[PDB]
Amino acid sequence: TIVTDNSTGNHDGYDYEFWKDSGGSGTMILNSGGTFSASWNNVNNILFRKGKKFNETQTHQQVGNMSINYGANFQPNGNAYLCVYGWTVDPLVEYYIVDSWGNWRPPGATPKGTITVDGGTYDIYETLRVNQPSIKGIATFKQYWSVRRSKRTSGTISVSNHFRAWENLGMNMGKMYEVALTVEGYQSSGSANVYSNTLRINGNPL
C-alpha cells in the first residue's frame, strides 16, 4: 500500500520507513516482504527503507550474523545512494554500506582502509556530524561508511563482515537500532525498484 509522507510501520514482517524533509515529493509503494519501489522528485533529503528495527539492547555479535540478498533497478538522476543503512546507540552511530550511487561517490573524505568482501573492494570512511538531526534528537555523532569501488545493484551484502572490519580499525559499534536496505536521495530526482530484498539472521530469513 502507498506511502507519500513520513511514516514508520511494519509490512509483511519488514519494518519500513519513509522519511523526507521539506520540499519536493516522494512515493514509496510497499510490496512483498522486503521489496518496495520509490519515486522522488526535487527533494532535499529523502530515505526509503525496508529492514529490521531492533529493541536497542544487544550488540551486533549478540544479534547474530546478518546478510542481505537484494536486487534493484536503481535509476537516480543526481545524488542518490543504494545501500544498507542503520544506526547503533551508545555510541550513537549512523552507518552506510553503499553498493551504488548517482553522480558522486560518497562521502568525500579520506579512506581509512579497505575491506574486500562479496566479490568487491570497499573503501572505509569515518566522518563526524555535529549537532545534527538524529534518531535521538539533535546530537553529535559519527558515521561509518563502506563504499564499493565500482557500482553494483544486486548481490549479497555480508553486513556483519563490514561491522567486524569497522571494529577492527577501531571504529566501535553500539547496540543495534536498525539495519535496512535503503534508497537515499540528496537534491535529486530518480526512481528505484527494489524487486528483491531478503534479510537473513544466522541463515534465518524474515
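Residue numbers run from 1 along the displayed sequence.
A.B. asks: Using the B-factors recorded in the PDB entry, average over the C-alpha atoms of 171 to 179 and of 141 to 149, then report which stretch comes out higher.
C.D. replies: Looking at the record's C-alpha B-factors, the answer is 171 to 179.
A.B. asks: State which stretch shows the higher mean Cα B factor in the entry: 180 to 188 or 21 to 29.
C.D. replies: Per the PDB entry, the higher value belongs to 21 to 29.
A.B. asks: If you check the C-alpha B-factor for each of 80, 135, 84, 72 in the entry, which is highest?
C.D. replies: Most elevated C-alpha B-factor of the set, per the entry: 135.
A.B. asks: Quiz for you: based on the deposited Cα B-factor, which of 91, 102, 120, 106 is highest?
C.D. replies: When the deposited C-alpha B-factors of 91, 102, 120, 106 are compared, 91 is largest.
A.B. asks: Considering every modelled residue of the chain and its Cα B-factor in the PDB entry, is residue 166 in the lowest, middle or highest third?
C.D. replies: Ranked within chain, residue 166 CA B lands in the middle tercile.
A.B. asks: Please say which third, lowest, middle or highest, residue 193 falls into when its CA temperature factor is compared across its chain.
C.D. replies: According to the entry, residue 193 has a C-alpha B-factor in the chain's lowest third.
A.B. asks: Where does the C-alpha B-factor of residue 53 rank in its chain, lowest, middle or highest third?
C.D. replies: It belongs to the highest third of the chain when residues are ordered by C-alpha B-factor.
A.B. asks: Based on the entry's values, in what third of the chain does the Cα temperature factor of residue 43 lie: lowest, middle or highest?
C.D. replies: Ranked within chain, residue 43 CA B lands in the middle tercile.
A.B. asks: Should residue 155 be placed in the lowest, middle or highest third of its chain by the C-alpha B factor in the entry?
C.D. replies: Lowest third.
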